[PDB]
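K.L.:
One file: protein-v5.cif (mmCIF, C-alpha atoms).
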```cif
data_data
#
loop_
_atom_site.label_atom_id
_atom_site.label_comp_id
_atom_site.auth_asym_id
_atom_site.auth_seq_id
_atom_site.Cartn_x
_atom_site.Cartn_y
_atom_site.Cartn_z
CA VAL A 833 191.16 16.06 -41.02
CA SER A 834 187.72 17.61 -41.42
CA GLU A 835 189.00 21.08 -40.50
CA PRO A 836 192.30 22.80 -41.45
CA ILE A 837 193.92 22.86 -38.00
CA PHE A 838 197.35 21.22 -37.69
CA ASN A 839 199.04 21.40 -34.28
CA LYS A 840 200.86 18.08 -33.60
CA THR A 841 197.83 16.76 -31.72
CA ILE A 842 195.95 16.05 -34.97
CA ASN A 843 196.51 12.63 -36.53
CA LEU A 844 196.77 12.69 -40.32
CA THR A 845 197.98 9.10 -40.76
CA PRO A 846 195.14 6.66 -41.55
CA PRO A 847 195.55 4.20 -38.68
CA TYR A 848 194.00 1.06 -40.21
CA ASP A 849 194.74 1.48 -43.95
CA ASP A 850 198.29 1.25 -45.31
CA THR A 851 197.39 1.74 -48.99
CA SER A 852 198.54 5.38 -48.91
CA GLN A 853 202.04 4.22 -47.91
CA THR A 854 202.66 3.22 -51.55
CA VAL A 855 199.77 4.58 -53.67
CA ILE A 856 198.84 8.26 -54.08
CA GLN A 857 195.32 9.36 -54.97
CA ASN A 858 194.81 10.54 -58.55
CA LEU A 859 192.67 13.69 -58.37
CA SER A 860 193.59 14.95 -61.83
CA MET A 861 191.18 15.78 -64.60
CA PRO A 862 191.41 13.16 -67.37
CA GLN A 863 193.29 13.55 -70.65
CA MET A 864 192.18 16.51 -72.67
CA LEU A 865 190.21 14.83 -75.54
CA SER A 866 191.81 17.26 -78.00
CA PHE A 867 195.44 18.26 -78.52
CA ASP A 868 194.40 21.01 -80.97
CA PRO A 869 192.17 23.91 -79.86
CA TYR A 870 190.65 24.45 -83.32
CA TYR A 871 190.54 21.16 -85.25
CA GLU A 872 189.31 17.75 -84.11
CA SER A 873 191.32 14.61 -84.86
CA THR A 874 190.63 11.15 -83.49
CA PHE A 875 193.29 9.56 -81.29
CA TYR A 876 193.38 6.23 -79.50
CA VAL A 877 194.35 4.34 -76.38
CA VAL A 878 196.35 1.39 -77.69
CA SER A 879 197.50 -1.89 -76.18
CA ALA A 880 201.26 -1.64 -75.63
CA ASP A 881 201.86 -5.28 -74.60
CA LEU B 99 173.34 26.98 -49.54
CA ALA B 100 176.47 28.83 -48.36
CA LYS B 101 175.48 29.59 -44.76
CA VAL B 102 177.69 30.51 -41.82
CA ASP B 103 175.35 31.73 -39.09
CA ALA B 104 175.91 35.40 -38.30
CA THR B 105 175.48 34.78 -34.56
CA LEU B 106 178.62 32.66 -34.46
CA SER B 107 181.34 35.35 -34.55
CA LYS B 108 179.98 36.24 -31.12
CA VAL B 109 180.86 33.20 -29.01
CA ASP B 110 183.70 31.73 -31.09
CA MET B 111 185.62 33.97 -33.50
CA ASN B 112 188.20 31.45 -34.71
CA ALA B 113 185.74 28.65 -35.50
CA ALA B 114 183.51 31.01 -37.47
CA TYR B 115 186.54 32.33 -39.37
CA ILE B 116 187.69 28.80 -40.22
CA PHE B 117 184.24 27.74 -41.39
CA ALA B 118 183.80 30.88 -43.48
CA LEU B 119 187.19 31.10 -45.19
CA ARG B 120 188.50 27.51 -45.39
CA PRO B 121 185.66 25.24 -46.59
CA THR B 122 186.01 21.50 -46.73
CA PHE B 123 184.32 19.50 -49.56
CA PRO B 124 184.11 15.94 -48.18
CA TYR B 125 184.46 13.03 -50.60
CA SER B 126 185.00 9.27 -50.57
CA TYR B 127 187.84 7.43 -52.31
CA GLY B 128 188.54 3.90 -53.48
CA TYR B 129 190.55 1.78 -55.88
CA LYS B 130 189.73 -1.18 -58.10
CA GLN B 131 192.05 -3.78 -59.62
CA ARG B 132 191.07 -6.78 -61.71
CA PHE B 133 193.24 -9.69 -60.54
CA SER B 134 194.76 -8.30 -57.34
CA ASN B 135 193.79 -10.32 -54.21
CA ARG B 136 195.29 -7.35 -52.31
CA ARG B 137 192.91 -5.43 -50.05
CA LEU B 138 193.25 -1.82 -51.30
CA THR B 139 191.25 1.15 -50.01
CA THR B 140 187.54 0.96 -50.82
CA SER B 141 185.60 3.75 -49.05
CA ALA B 142 188.10 6.16 -47.49
CA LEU B 143 186.99 9.63 -46.37
CA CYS B 144 188.83 12.87 -47.11
CA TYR B 145 188.26 16.64 -47.12
CA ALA B 146 189.48 18.55 -50.18
CA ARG B 147 190.56 22.20 -49.97
CA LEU C 99 165.01 -29.51 -24.80
CA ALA C 100 167.74 -30.79 -22.43
CA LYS C 101 168.00 -34.40 -23.62
CA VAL C 102 170.82 -36.89 -23.09
CA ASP C 103 169.44 -40.27 -24.10
CA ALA C 104 169.24 -42.65 -21.16
CA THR C 105 170.44 -45.58 -23.29
CA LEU C 106 173.83 -43.96 -23.79
CA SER C 107 175.48 -44.67 -20.41
CA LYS C 108 175.32 -48.28 -21.57
CA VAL C 109 177.71 -48.36 -24.53
CA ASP C 110 179.84 -45.29 -23.76
CA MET C 111 180.04 -44.00 -20.18
CA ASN C 112 182.55 -41.19 -20.73
CA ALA C 113 180.84 -39.63 -23.74
CA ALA C 114 177.48 -39.60 -21.96
CA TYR C 115 179.10 -38.05 -18.88
CA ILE C 116 180.76 -35.33 -20.98
CA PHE C 117 177.53 -34.52 -22.83
CA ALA C 118 175.52 -34.42 -19.61
CA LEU C 119 177.82 -32.40 -17.36
CA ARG C 120 179.88 -30.17 -19.71
CA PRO C 121 177.51 -28.61 -22.28
CA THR C 122 178.78 -26.55 -25.16
CA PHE C 123 176.75 -23.51 -26.41
CA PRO C 124 178.04 -22.93 -29.97
CA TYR C 125 178.23 -19.37 -31.27
CA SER C 126 179.73 -17.41 -34.17
CA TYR C 127 182.09 -14.45 -33.83
CA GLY C 128 183.22 -11.56 -36.00
CA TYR C 129 184.67 -8.06 -35.98
CA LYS C 130 183.90 -4.88 -37.89
CA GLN C 131 186.09 -1.83 -38.48
CA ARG C 132 185.25 1.23 -40.55
CA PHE C 133 188.40 2.13 -42.50
CA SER C 134 190.57 -0.94 -41.98
CA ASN C 135 191.43 -2.77 -45.25
CA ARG C 136 192.67 -5.55 -42.92
CA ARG C 137 190.89 -8.89 -43.21
CA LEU C 138 189.75 -9.57 -39.60
CA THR C 139 187.67 -12.55 -38.49
CA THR C 140 184.12 -12.53 -39.86
CA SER C 141 182.31 -15.81 -39.05
CA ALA C 142 184.47 -17.82 -36.64
CA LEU C 143 182.98 -20.72 -34.67
CA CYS C 144 183.46 -21.34 -30.95
CA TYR C 145 181.94 -23.33 -28.09
CA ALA C 146 181.36 -21.46 -24.81
CA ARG C 147 181.41 -23.24 -21.44
#
```
Hey, can you dump this file as structure tokens for me?

P.N.:
Amino acid sequence: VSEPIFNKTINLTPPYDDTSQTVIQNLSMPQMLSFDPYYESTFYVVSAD
Amino acid sequence: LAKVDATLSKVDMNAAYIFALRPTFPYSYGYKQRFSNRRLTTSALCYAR
Amino acid sequence: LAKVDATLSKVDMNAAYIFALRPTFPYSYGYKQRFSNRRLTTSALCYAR
């Protein structure tokens, strides 16, 4: 809803899209690019399968 | 750019309060999958607070 | 442009009668919705009488 008013007459369910029934949005910042504040070491995304 | 007109807490107190103190930040959302054939949300609209 | 060939109620009476008296008017149909993710008809074909 475009404004933060919630009084049982507002509809928050997307009427014509059922994707949110099973999939949540990911609004997180990505992984941190460094797991050490002082020293830089390369790490990788690897294929697990 | 932050502008809530001063001559608005004159005719409607609550609306001016809501606009001033609870801003909205509209954005559009979508998902992509490579070999899906399922519809999935493409250009949803939401308001982040 | 209204043309049913005169040398057609010679070899096929019923087809000529149908073409002459019950014309067709083809057209294409579709629907649009903003936040659907449902397929919905896009370019159907129909014949209006």

K.L.:
Show me, as a ChimeraX atom specification, the residues of chain C whose atoms get within 12 Å of chain A, using all atoms listed in the file for the distance check.

P.N.:
/C:130-138

K.L.:
Please provide as a list in words all residues within 9 Å of residue 143 in chain C, with the sequence filter that same-chain residues fewer than 5 positions apart are discarded (counting only C-alpha atoms).

P.N.:
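Listing them by chain and then by number gives residues 124, 125, 126 and 127 of chain C.
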
K.L.:
Store the residues of this selection in a file with C-alpha atoms, as a PDB file, keeping the file's coordinate frame.

P.N.:
```pdb
ATOM      1  CA  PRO C 124     178.040 -22.930 -29.970  1.00  0.00           C
ATOM      2  CA  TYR C 125     178.230 -19.370 -31.270  1.00  0.00           C
ATOM      3  CA  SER C 126     179.730 -17.410 -34.170  1.00  0.00           C
ATOM      4  CA  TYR C 127     182.090 -14.450 -33.830  1.00  0.00           C
TER       5      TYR C 127
END
```

K.L.:
May I ask for the distance between CA of residue 117 in chain B and CA of residue 834 in chain A, given in Å to one decimal place?

P.N.:
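Taking CA of residue 117 in chain B and CA of residue 834 in chain A, their separation equals 10.7 Å.
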
K.L.:
Mind pulling up the distance from CA of residue 103 in chain B to CA of residue 121 in chain B?

P.N.:
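Between CA of residue 121 in chain B and CA of residue 103 in chain B the gap works out to 14.3 Å.
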
K.L.:
If I take CA of residue 102 in chain C and CA of residue 114 in chain C, how far is one from the other in Å, to one decimal?

P.N.:
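Computing the Euclidean distance for CA of residue 102 in chain C and CA of residue 114 in chain C yields 7.3 Å.
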
K.L.:
Run the PyMOL selection byres ((chain A and resi 837) around 12) mentally over the shown coordinates, then write out the matched residues as a PyMOL selection string, using the chain letters and numbers from the document.

P.N.:
(chain A and resi 833-836+838-844) or (chain B and resi 112-113+116-117+120+122)

K.L.:
When distances are computed from all atoms listed in the file, which of B:107, B:140, B:145, B:128 shows the smallest separation from residue 857 in chain A?

P.N.:
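Smallest distance to residue 857 in chain A is found for B:128.
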
K.L.:
Give the centre and edge lengths of an axis-aligned box, in Å to one decimal, that holds all listed atoms of range 110-114 of chain C with 3 Å on each side, as JSON.

P.N.:
```
{"center_x": 180.0, "center_y": -42.4, "center_z": -22.0, "size_x": 11.1, "size_y": 11.7, "size_z": 9.6}
```

K.L.:
From the list B:139, B:101, B:108, B:146, which residue is nearest chain C when using only C-alpha atoms?

P.N.:
B:139
